[PDB]
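As a starting point, one isolated chain is supplied in structure tokens, in the form deposited in one PDB entry.
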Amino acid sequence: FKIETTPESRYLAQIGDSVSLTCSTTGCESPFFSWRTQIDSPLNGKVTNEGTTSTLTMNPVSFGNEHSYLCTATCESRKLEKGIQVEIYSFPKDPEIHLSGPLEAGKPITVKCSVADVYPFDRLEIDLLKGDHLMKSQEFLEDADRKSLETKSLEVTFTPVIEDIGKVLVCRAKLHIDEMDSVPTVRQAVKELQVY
């Protein structure tokens, strides 16, 4: 008598997706499945017991699904428990580069790169590069307040020069999470410098 789950022990889900957590048993004819969170709050998911397989489906995924779900299988007098830690994240769109004005050699200008609806932002890194030279890297220290989609930004000032003409301003946003293979961790925007 044993219990299995898929994923094995952790699932990285992007907010807005439909995710299914399955729980199976072997060695039991008619098991009784039961799900719950560590702290005991609404599952915010739909359970579907079929034979020896129970499926918890969260759709759409939200901040309410950010828990460690515990599947419990009872077979007559014996119980088995196995959890699956669900982590969520929001990284829907590319960054935006905003120039405070027109590019004029000798005249300082302010660049501002921003990324919208991001979670968790304490794992976000924004890099602004002129060509392949790093002008500035911005972090947002580990301390949110609550679960909310935010729009954070990087701001830097610099004086363009005749040599910057033709070079590209590249803003790279990196979300340092435990990636789900094909799941994006880096998004970027480019802007060609047209100095006058």
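Residue numbers run from 1 along the displayed sequence.
Item to check | Comparing 179 to 187 with 7 to 15, the one whose average Cα B-factor in the PDB entry is higher | outcome: On average, C-alpha B-factors are higher across 179 to 187.
Checklist entry - Out of 50 to 58 and 159 to 167, which one has CA B-factors that are higher on average in the deposited record? => result According to the PDB entry, the answer is 50 to 58.
Item to check | Member of 70, 129, 28, 39 with the greatest C-alpha B factor (per the PDB record) | outcome: Of 70, 129, 28, 39, 39 has the highest C-alpha B-factor.
Checklist entry - Hey, out of 137, 153, 34, 148, whose CA B-factor is highest in the deposited coordinates? => result Highest C-alpha B-factor among the listed options: 148.
Next on the checklist: Going by the CA temperature factor in the PDB record, which third of the chain does residue 122 belong to: lowest, middle or highest?
Outcome noted: For residue 122, the deposited C-alpha B-factor lands in the highest third.
Item to check | Assigned third (lowest, middle, highest) for the C-alpha B factor of residue 90 | outcome: Its C-alpha B-factor, which the entry lists for residue 90, ranks in the middle third among residues of this chain.
Item to check | Assigned third (lowest, middle, highest) for the C-alpha B factor of residue 79 | outcome: Highest third.
This protein has a second form, the form deposited in another entry, left out of what is shown; the following refers to that one.
Checklist entry - Considering the change between the shown form and the other one as two rigid parts, does the C-alpha of residue 127 belong to the same part as that of residue 82? => result Segmentation between the shown form and the other one puts residue 82 in the other part from residue 127.
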